[PDB]
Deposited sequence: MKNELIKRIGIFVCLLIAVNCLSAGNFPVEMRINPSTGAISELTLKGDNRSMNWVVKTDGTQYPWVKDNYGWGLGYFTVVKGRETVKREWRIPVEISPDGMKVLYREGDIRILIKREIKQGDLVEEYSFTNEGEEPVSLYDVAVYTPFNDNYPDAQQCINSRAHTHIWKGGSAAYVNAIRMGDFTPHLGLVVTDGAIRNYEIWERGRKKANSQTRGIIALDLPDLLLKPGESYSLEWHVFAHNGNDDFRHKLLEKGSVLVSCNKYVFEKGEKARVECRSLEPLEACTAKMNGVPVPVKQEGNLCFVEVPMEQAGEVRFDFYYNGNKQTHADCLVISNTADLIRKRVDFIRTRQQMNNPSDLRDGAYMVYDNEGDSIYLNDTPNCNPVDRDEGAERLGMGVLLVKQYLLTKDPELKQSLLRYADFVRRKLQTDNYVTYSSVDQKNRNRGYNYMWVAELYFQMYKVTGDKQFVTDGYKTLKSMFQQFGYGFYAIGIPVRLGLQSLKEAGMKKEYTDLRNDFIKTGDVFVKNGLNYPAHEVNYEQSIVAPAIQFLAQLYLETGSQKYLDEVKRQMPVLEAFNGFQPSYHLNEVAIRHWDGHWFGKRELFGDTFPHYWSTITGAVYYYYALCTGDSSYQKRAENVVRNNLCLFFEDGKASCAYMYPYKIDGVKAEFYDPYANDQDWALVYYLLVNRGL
């Protein structure tokens, strides 16, 4: 049983030959699926970024020249056939509407007398993934889930509100190996745009007169299941693994599904052939994961096609966490009686092998300071203390709790992230200080911590409002902390402050800058609230907003991406390299996994717990086997020409990923 037919329509730019506008006929919201490339949406995004235009670097001996195609030599009256010529290379674009889908074929032909090598070959696909405001986002923008799957590459653009129709792009000839991001910066809408995506073809060697062809289909679809079915119908494949992060010794099952059986399907594991089993239209590999590190599974099929999955093998998860807490204790806690920040857990430069003192220039000093998000290290050590009872952690926590109470907060519970207290008074910071205090009660017993938690939340309520959207508002912990102490006058007063927050979230709905870590913590809060009160109005709102949360997450066969929310700015604001661009994973992705944990308790639907476990498991790649950590993985091949695919060398705020990992897996 299903729904509507939405033929792809477009406007061709008569000067460039690019697709200016991409719409789905019969869409009641008439969304343009690409960023407008005439300056009218963003001043700095002009016609050179139009859909179907692109670039390559041509190398002949010592001669290296980058070329960008933009002005056709020939263009059809309808714009469906376009020919560009840049040096020796002809770029021919053929477009057709086949049964309501757009089929585009790009050919690259060496017209010259000498062989040529082409590097960094890419086509712009400027999907409308940006965040101008909540109303436009929900109705008229799309989360763009990109899979660099070679011959089986795709893009699944889910409208942010989850209203159908959605859009899909499936590669049916040639391959896409990666993508790049263009037009990011402090002067280019900052955190509010994902930028302009370009999809990278393989590097080519073209003899005189030889061609390389890329073909894709663009089409409307009705959601992830529909997208996957259509992807298969168009002759592509879907790769998936039982999971994407393994402990050493575990068995992996990697599956490659097609519509019809693949011919001569072969596979490799880090470049080494491994046996593939074929049953009908499933090929699968089953192997032990015997060595720590990256594992890439490649499938080779139908003569010249390939695709892959990215998995990670860690030594052991318990030990990874232990080693990380020891590193926080022995290397990221300031132990200098002379320094005003004495007890703090702090930002750490992994290249420099020292605590980062926030004294050199950078783009935003307050995001590299002594508190604010850095409280997650405290919550992590507390949770790890509860599971192991290492007295050296108790000693370190006692000192941290003193640093926070004595130096970050005033006597009146006004909360800062800096010992001087002459910087921003935020809102977000109060929830984590509060969570640290309630958590410290479980360590010792002192009911004073519990009062500090309450008086911190009350100070936030006084100053900011009742409907302040904020990450990790500690409802279930707050109340169990109060009740367990026996301060029953407080377990009602606070509960009623949370209930007044619940109702304002319910009144707002999806109206409220739009991003993952506004939407998700709202739902985290309303789900904990329902578990305490029982009020059906709150669980109703959770269910209504769940699809909107889920739309941030792809199902690509990579531990970097699988159920990992699209976030693309924290590298700039929190990292050493200060790179805007896709961070996969970034640790706040694990809030979504917290939502799924609670949602699984609210309903009895245990498949949300399995998903919860998947999300947090995938964030384990931010933690290394010597106890070091990274604040972000920069995912794309390049960002504005700057090479990415690296872990940012600062350990900053990422330890919340382990906080939510232990919540999901141990209830802590």
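Unmodelled stretches of the deposited sequence, numbered from 1? In sequence order, the gaps with no modelled C-alpha are 1-21, 534-538.
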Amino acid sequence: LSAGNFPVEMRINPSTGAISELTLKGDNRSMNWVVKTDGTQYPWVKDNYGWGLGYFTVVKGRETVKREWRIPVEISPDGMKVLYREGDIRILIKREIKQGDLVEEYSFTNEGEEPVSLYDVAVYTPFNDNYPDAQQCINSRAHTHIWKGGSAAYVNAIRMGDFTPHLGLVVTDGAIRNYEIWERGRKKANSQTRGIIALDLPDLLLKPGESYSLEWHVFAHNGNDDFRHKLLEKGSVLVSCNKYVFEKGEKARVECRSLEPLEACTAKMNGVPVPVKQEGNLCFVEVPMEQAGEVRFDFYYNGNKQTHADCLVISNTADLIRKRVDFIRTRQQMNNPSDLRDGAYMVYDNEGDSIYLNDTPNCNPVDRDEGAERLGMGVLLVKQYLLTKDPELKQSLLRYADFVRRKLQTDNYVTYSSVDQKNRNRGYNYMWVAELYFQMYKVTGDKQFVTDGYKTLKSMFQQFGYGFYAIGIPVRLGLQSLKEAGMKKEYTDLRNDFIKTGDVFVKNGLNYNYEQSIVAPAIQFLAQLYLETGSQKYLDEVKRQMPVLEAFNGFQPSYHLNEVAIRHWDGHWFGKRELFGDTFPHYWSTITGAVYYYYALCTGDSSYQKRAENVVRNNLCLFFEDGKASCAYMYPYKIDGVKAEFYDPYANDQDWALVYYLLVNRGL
From here on, numbers count along this sequence of modelled residues.
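Which of the two stretches, 514-522 or 474-482, shows the higher mean Cα temperature factor in the record? Stretch with the higher mean C-alpha B-factor: 474-482.
With respect to the recorded C-alpha B factors, which stretch has the higher mean value, 381-389 or 255-263? Result: 381-389.
By the entry's C-alpha temperature factors, tell me which of 279, 290, 490, 105 sits highest. In the PDB entry, the greatest C-alpha B-factor among 279, 290, 490, 105 is found at 490.
Among the candidates 91, 118, 531, 167, give the one with the maximum CA B-factor reported in the record. Checking the PDB record, the top C-alpha B-factor among 91, 118, 531, 167 is at 531.
What third of the chain, by the recorded C-alpha B-factor, contains residue 154? For residue 154, the deposited C-alpha B-factor lands in the lowest third.
Third of the chain, ranked by Cα B-factor, where residue 52 sits: According to the entry, residue 52 has a C-alpha B-factor in the chain's lowest third.
Modelled-residue ranking by C-alpha temperature factor, third containing residue 636: Its C-alpha B-factor belongs to the lowest third of this chain's values.
Is residue 540 in the lowest, middle or highest third of its chain when residues are ranked by C-alpha B-factor? Highest third - that is where residue 540 ends up once the chain's C-alpha B-factors are sorted.
Chain-relative CA temperature factor third for residue 612: Middle third, going by the recorded CA B-factors of the chain.
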